[PDB]
Ligand SMILES: *[C@@H]1O[C@H](CO)[C@@H](O[C@@H]2O[C@H](CO)[C@@H](O)[C@H](O)[C@H]2NC(C)=O)[C@H](O)[C@H]1NC(C)=O
Ligand SMILES: *[C@@H]1O[C@H](CO)[C@@H](O[C@@H]2O[C@H](CO)[C@@H](O)[C@H](O)[C@H]2NC(C)=O)[C@H](O)[C@H]1NC(C)=O
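This is the structure in structure tokens:
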């Protein structure tokens, strides 16, 4: 029902051959996009039906570089704009030149933060007749709007049935619904001219009815369809007797909604906030994980890429490789790029040697993502990560992937202890020699139904079956990571150390 | 500006000679009564000017058994009724026969919960002309009014200037201000007939304007002149990044107000509530006072009277004396009544012995109160509580006193280590042989300007001097709990053990 967006931000798809599959997995069934809705480099005739349930986008909506003549975003209602494209635009429609014809954002009626950028769409006909000041929030009138009207297409007139000559398309139902401007009273959203039609303060993007339950969208926090300023607290305060007591109606805060229980792969705080990182002076404990204060001073934590000093660091290099020595859990991500194993003439960074990768021998959990686009050609497997068990995926590469392996010379995967990909997708593609990709029970590693494995251009199964590469005769269910007795997922018989032995 | 309230609840004052002084100390300068405002057994021409600043009563207002002809409450605006007299009345005027002549509650325009009980006042005049349905809040329309109109007065007619014939008194100033039944709209409160004139949804008891600042009283939580559903939480939730952050605007919740720093003698909680007891699985600790969750199960905490199994226990007896064996800190109060030492044949309770009281040797701090109305006649002092340092007074006997000593044969106080009375008053009275009351530095023991020592019917200081029970010379500033060099509060020379030596 809820899903996270992508951080591609106009960059080219890493795997174009599976780009469409990634979007379908990320958005099939999703109603609330907790992030940016980015629809880019989509080919002509692409089946985008999976987008038809999306109602609310938390970040920005970026439609760009597409040849699809239409995008099925009709149900979409509110773009909160909590994250913006170029920092100024909540809806960005760029370089759709085949190409986008009608925006058809019929239900869109609210943009809480940010403007609109429609540029270089030689087939977009009706983007000029929309009165954007109605969609912008009562507190987002600073929203800049830059719309390019240079359209190659001969533009059909706005539909007769449509009023005010404001249309999202040529269809009669493509007519714009003007909520904010119509209000006679000083109310942000109204059903009509009459004062009674005015929506409750909490209501956003219009209300089907006056009561706060009837809002089409929630300004601050949805609660089972009851919009609220703040989620009900886990504990309430008694004014008479100065005591706090548990609240039976208390709910946890997750994104823009109220949840009865903290969703999987998130941390629940004592205040009731479901987060991805623990607050300051708090540590993650298991009871499901929660953030508990470190009454004793917090122990030294190994911070991965994306966190603290390593926030802007692109990859793991010889400069920062020793920072992960002895760390059994990394709060952050690990990325190995081509320049990781080469030297930078400017920054005087020596190349990473394969002997320096053994600092990850004790690594058991990564809270972010594992991204590998380069690997020492000496090593045929990701065996430095053999003792790695969990990739949480709280931080995702490009906003979508938690495990990505690009263009590697490895012959098999060495992640024999990997049991959980908490969140995100797996992208293993263009590894000409990698064989043991389909012998891994990815369904066992995935925790969410949106999660899937995207793979293309690896060593064909034919070649693996032909040259004798397969799971060992002692593997259970033919699940394994490599050619050896030490690479099985589950072993039929009693084990001798790592080795599975009859 | 704030003060607690008494829990006499129509019972006779323990010290009638000092009852009026008790009320003056509790209410002088106070504006918000966090508790019940009980004005009982006041004599004729009693000076009651200290009540003139009271605007808000958190609990109920009880005027009863008084001889004053007028009660000086004229700025009281709201009675929240969180605690009710007999569970049905937020205002009670009973048996004021001198005697009460006019209620004169000119500014009373809101009762959040509870009704009015006016009975047996043979001099009250204008209780009938008031429209009580106006004062009662819309939620509290269930409020039952039981008003007695049996009056032995030929009363001067209601002032013609006063409209609607609703008068709190004979003077033209005493017209009842209508704020709920003169409203053209659905607003709970209104300053005028016009619909624009109604008050904000958080406004209570009326308003001077349309905004939330204007309210005369706050419905839920006052925030420095601003009425809000809740105080700003100490932490706030970021939906984009899915994490909590510290809130500089965050406020601690104290009673019906929101404050920057937790008031003294109150427990701070992580959620931001200033409480008198810690929540479940939370232990008290020094940051001041704070309530921290215990990762391990919290250790065994001794519970005094009024807490847990001893919530309905009146006094410490032989039945429950051994529950305080080895206790260093008692959660609750300690009360020694005549039946504690006499015993109860009905329950087969054995009498307390002086040997049994030694279980308090290790007692250092009492969070509630210390009440002693009986004491063994073989013990000339309170040396059993020699090692007691702090009486917090979070629980107060009759809502006013944290240290009460009445009708005892002790010749001096043995509270050698007593350095702090956190809250409440001290009532030492009718101890004929007690010669060392005034030597003690009560001012250093108190932490509030509300606190004072109420003493009467104790051994006259002239008798003290004549018999020779003067302060020990080696004591400092003439501050001695008792005779001899061991009872000095501060010792001028170096201290040998507990004995001040030359
Ligand atoms: C608040 O959340 C609830 C539950 O997530 C939303 O109710 C759902 O709405 C859509 C309707 O297409 C579907 O996910 C389900 O049919 C509903 N689930 C229920 C009713 O349990 C509700 O719409 C949200 N409120 C707003 C304003 O979006
Ligand atoms: C909210 O609290 C503030 C104080 O924190 C109140 O302001 C005081 O109001 C009293 C009258 O009740 C005055 O005598 C004081 O001089 C005021 N002090 C300050 C600093 O303003 C305020 O009135 C409260 N709000 C309401 C609605 O009662």
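Chains as they are written, first to last, in our numbering: chain A, 1 to 502; chain B, 503 to 1004.
Note that CB positions come from ideal geometry on N, CA and C, so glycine has one too.
Query: CB contact below 7 Å: residue 870 of chain B versus chain A; Result: no
Query: Identity of the residue in A/94, A/179 and A/84 nearest residue 137 of chain A by Cα; Result: A/179
Query: Nearest candidate by alpha-carbon position, reference residue 143 of chain A, set A/90, A/37 and A/285; Result: A/90
Query: Neighbouring residues, chain B, relative to residue 256 of chain A (Cβ below 8 Å); Result: 741
Query: Residue 362 of chain A beta carbon less than 7 Å from that of residue 326 of chain A; Result: yes
Query: Simplified DSSP assignment, three categories, for residue 563 of chain B; Result: strand
Query: Neighbour list for residue 772 of chain B in chain A, Cβ cutoff strictly below 8 Å; Result: 270, 271 and 293
Query: Cross-chain neighbours of residue 744 of chain B in chain A, by beta carbon under 9 Å; Result: 34, 254, 255, 266, 273, 274, 275, 276, 277 and 394
Query: Neighbourhood of residue 396 of chain A by C-beta distance below 6 Å, restricted to the same chain and skipping five residues each side; Result: 369, 402 and 424
Query: Under 7 Å between C-beta atoms of residue 684 of chain B and residue 647 of chain B; Result: no
Query: Anticipated Cβ contact below 8 Å, residue 78 of chain A with residue 204 of chain A, distance rounded; Result: 6 Å
Query: Closer than 7 Å: residues whose CB approaches a heavy atom of ligand 4; Result: Summarising the ligand content, the structure contains ligand 1 and ligand 2 and does not contain ligand 4.
Query: Local Cβ density within 10 Å of residue 217 of chain A, reported as buried at 16 or more and exposed below that; Result: buried
Query: Residues from the segment 75-101 of chain A in contact with chain B, defined by Cβ distance under 7 Å; Result: 82 and 83
Query: Beta-carbon neighbours of residue 235 of chain A, restricted to chain B and to distances below 9 Å; Result: 771, 773, 775 and 781
Query: Residue 855 of chain B, buried or exposed, once every other Cβ within 10 Å from all chains shown has been counted against 16; Result: exposed
Query: DSSP-derived helix/strand/coil call for residue 459 of chain A; Result: coil
Query: Spatial neighbours of residue 514 of chain A in its chain, beta-carbon cut-off 6 Å, leaving aside the 5 residues before and after; Result: Since the displayed chain A opens at 1 and closes at 502, residue 514 of chain A lies outside it and no answer follows.
Query: Backbone CA spacing between residue 708 of chain B and residue 246 of chain A [nearest angstrom]; Result: 32 Å
Query: Contact list for residue 283 of chain A against chain B, beta-carbon separation under 9 Å; Result: Residues of chain B passing the Cβ test: none, with the nearest at roughly 10 Å.
Query: Residue 561 of chain B: contacting residues in chain A (beta-carbon distance under 9 Å); Result: 240
Query: Inter-stretch contact (C-beta, 8 Å, three-pair minimum) for the segment 511-523 of chain B and the segment 916-935 of chain B; Result: yes
Query: For residue 148 of chain A, the three-state DSSP class (helix, strand or coil); Result: coil
Query: Rounded straight-line distance, which links the Cα of residue 378 of chain A to that of residue 388 of chain A; Result: 21 Å
Query: Helix, strand or coil at residue 843 of chain B according to DSSP, with G and I counted as helix; Result: helix
Query: Beta-carbon proximity check, residue 75 of chain A vs residue 47 of chain A, cutoff 7 Å; Result: no
Query: Length of the line joining the Cα atoms of residue 744 of chain B and residue 366 of chain A; Result: 18 Å
Query: Uninterrupted beta strand (DSSP E) stretches inside the segment 258-343 of chain A (no shorter than 3 residues); Result: 282-286, 289-293 and 334-336
Query: Three-state secondary structure assigned by DSSP to residue 998 of chain B; Result: strand
Query: Residue 196 of chain A in three-state terms, based on DSSP; Result: helix
Query: Whole-number beta carbon distance between residue 331 of chain A and residue 359 of chain A, since they are thought to touch under 8 Å; Result: In fact, because the Cβ distance is near 16 Å, the residues do not count as touching under 8 Å.
Query: Residue 422 of chain A burial status per 10 Å Cβ neighbour count (16 or more: buried); Result: buried
Query: Identity of the residues DSSP links to residue 210 of chain A by a beta bridge; Result: None; residue 210 of chain A has no bridge partner.
Query: Assigned secondary structure, residue 904 of chain B (DSSP; H/G/I helix, E/B strand, else coil); Result: strand
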